[PDB]
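Undergrad: Quick one: structure below, then a few questions.
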Amino acid sequence: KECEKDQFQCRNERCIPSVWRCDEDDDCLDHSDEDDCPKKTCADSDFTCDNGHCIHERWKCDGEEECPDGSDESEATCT
Ligand SMILES: [Ca+2]
Ligand SMILES: [Ca+2]
């Protein structure tokens, strides 16, 4: 059995909307839609821009705005 490309397949093989994957409610009844869910946020090793965009730490404060809000280059950010 294989679900639509817009679906998550539970271990019991129920299909759910993929939008229900990792939404912190067990829709599968086997909890499989909520297993091994990615970290909600950036890598701790990445710089998190103010707006939440993730960039690699190396590009923090190096003259070019890799953050869309430019917070990797802000006065505040670089001390
Ligand atoms: Ca869910
Ligand atoms: Ca930069």
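Undergrad: One residue is enough: does segment 9-16 have a residue meeting the conditions part of a loop (DSSP other than H, G, I, E, B), within 12 Å of ligand 2 (Cβ to nearest atom) and in contact with a strand residue (DSSP E or B) (Cβ under 7 Å, 6 or more places away or on another chain)?
TA: Scanning segment 9-16, I find no residue that is part of a loop (DSSP other than H, G, I, E, B), within 12 Å of ligand 2 (Cβ to nearest atom) and in contact with a strand residue (DSSP E or B) (Cβ under 7 Å, 6 or more places away or on another chain), so the answer is no.
Undergrad: When you scan segment 51-73, how many residues do you find that are more than 10 Å from ligand 2 (Cβ to nearest atom) and touching a residue at least 12 places away in the same chain (Cβ under 8 Å)?
TA: Result for segment 51-73: 6.
Undergrad: Considering only residues that are surrounded by 10 or more Cβ atoms within 10 Å (Cβ to Cβ) and of a type in the set (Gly, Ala, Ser), which ones fall in segment 64-79?
TA: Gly70, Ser71, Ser74
Undergrad: With the requirement that a residue be more than 16 Å from ligand 1 (Cβ to nearest atom) and loosely packed, with under 10 Cβ neighbours inside 10 Å, what does segment 39-63 give you?
TA: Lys39, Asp44, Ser45, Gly63
Undergrad: Among the residues of segment 21-30, is any more than 16 Å from ligand 1 (Cβ to nearest atom), assigned to a loop (DSSP other than H, G, I, E, B) and touching a strand residue (DSSP E or B) at 6+ places or on another chain (Cβ under 8 Å)?
TA: Scanning segment 21-30 turns up no residue that is more than 16 Å from ligand 1 (Cβ to nearest atom), assigned to a loop (DSSP other than H, G, I, E, B) and touching a strand residue (DSSP E or B) at 6+ places or on another chain (Cβ under 8 Å).
The numbers here are math on the coordinates, done by the rules we state, and not lab data. Every residue, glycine as well, gets a Cβ built from its backbone with ideal geometry; the counts of neighbours run over all protein chains shown.
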